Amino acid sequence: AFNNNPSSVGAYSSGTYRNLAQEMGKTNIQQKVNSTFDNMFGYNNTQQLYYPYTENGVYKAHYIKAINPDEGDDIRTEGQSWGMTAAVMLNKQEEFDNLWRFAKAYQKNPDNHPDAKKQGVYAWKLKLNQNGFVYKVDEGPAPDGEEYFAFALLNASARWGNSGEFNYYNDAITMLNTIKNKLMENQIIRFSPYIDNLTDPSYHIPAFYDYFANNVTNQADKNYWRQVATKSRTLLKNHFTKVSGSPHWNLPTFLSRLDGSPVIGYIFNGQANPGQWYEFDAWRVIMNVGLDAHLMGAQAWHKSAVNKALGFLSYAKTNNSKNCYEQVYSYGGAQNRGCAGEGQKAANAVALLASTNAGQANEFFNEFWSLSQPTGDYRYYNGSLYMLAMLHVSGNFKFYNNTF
């Protein structure tokens, strides 16, 4: 049965990881996790997201392909870093290494870039050109990519050691320094190096920062990352307070000020969507809340955040002619951007790690567990999230500490 009373002591401290799928009475859980990875990382062109990159017939590395039916396929740091995260959780070293090799070679902006703000950050969008060779479309970062890269690299170090192709640990510390020096404002993750007073709630993964603190060597840095963790929980708490009730109706948003206030409308040239939309980034927020609750302990704010968000989505589904909750809401209103797909359902299933409502858990968990693994043109984001959620709900998303 669903544990509707999640512990205030996290798995990171206790060593006890929940297996949400087991709580929900599912069987063949590990087989399903394993096949999810195998199909995502297999050469089937069906679920597959992991693709080799070759130059003049010479194998180089692999990437996570952001399939995109109308703007052209591209390659993103988020997906890359998520793929590495999945690989390390399942002990898939070659896959990890192939993706990290790609990132370091091709996504990383040089440390001597003329724009100091870009030095060592990871270009969020690459493409292959008409001759098949990789190039950077946008050198700006998507800072949760770096966050996941650091996370994944620290875990790789801890599981595999640092005497092979990669000194994972050194690469992780370098990534942490880059986050600190290039991607933070006042200890809050930036949306952009170029805009101040701006964060993206989905980039807040407090438990990662606590893990970082425990995996650096020097006292000042340990304190730094513990403070980032606390400030991240404060940001999320504040954001969830600000989105409660009217007018945001309990869903977190794409962009936020540093006090947690949703950004209203457009604020910069190139912005993809209004700041107050619950959209693709925002989907991940309650997944991150679930993660945090699982790994570092459930507090009242985690439970309220997820219970109220899931509650809104259930209500919104009852008020939808398609009998679905949708992918995009703004001020509690559906934006007609489609019924939830697999990624959103996956994010919501992970959120259950902070839920106290067994009825919500049954509904949201069964909707996720009944899905087939994503295929087709929208599988990059649906399938990347599906993979991460499979790990989270099967007790496979764990923190592996380094030993000093």
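Each residue number is its position in the shown sequence, starting from 1.
Two stretches are in play, 355-363 and 332-340, and the higher mean C-alpha B-factor belongs to 355-363. For the pair 70-78 and 236-244, the mean B factor over Cα atoms is greater in 70-78. Of the candidates 90, 272, 126, 153, it is 272 whose Cα B-factor is highest according to the PDB record. Note on 33, 40, 61, 64: the highest value goes to 33, judged by CA B factor as recorded. Remark: residue 303 belongs to the middle third of its chain, ranked by C-alpha B-factor as recorded. In the deposited entry, the Cα temperature factor of residue 101 places it in the lowest third of its chain's modelled residues.
The PDB entry assigns residue 226 a C-alpha temperature factor belonging to the middle third of its chain's modelled residues. In the deposited entry, the Cα temperature factor of residue 117 places it in the highest third of its chain's modelled residues. Among all modelled residues in this chain, the alpha-carbon of residue 190 has a temperature factor (C-alpha) in the lowest third.
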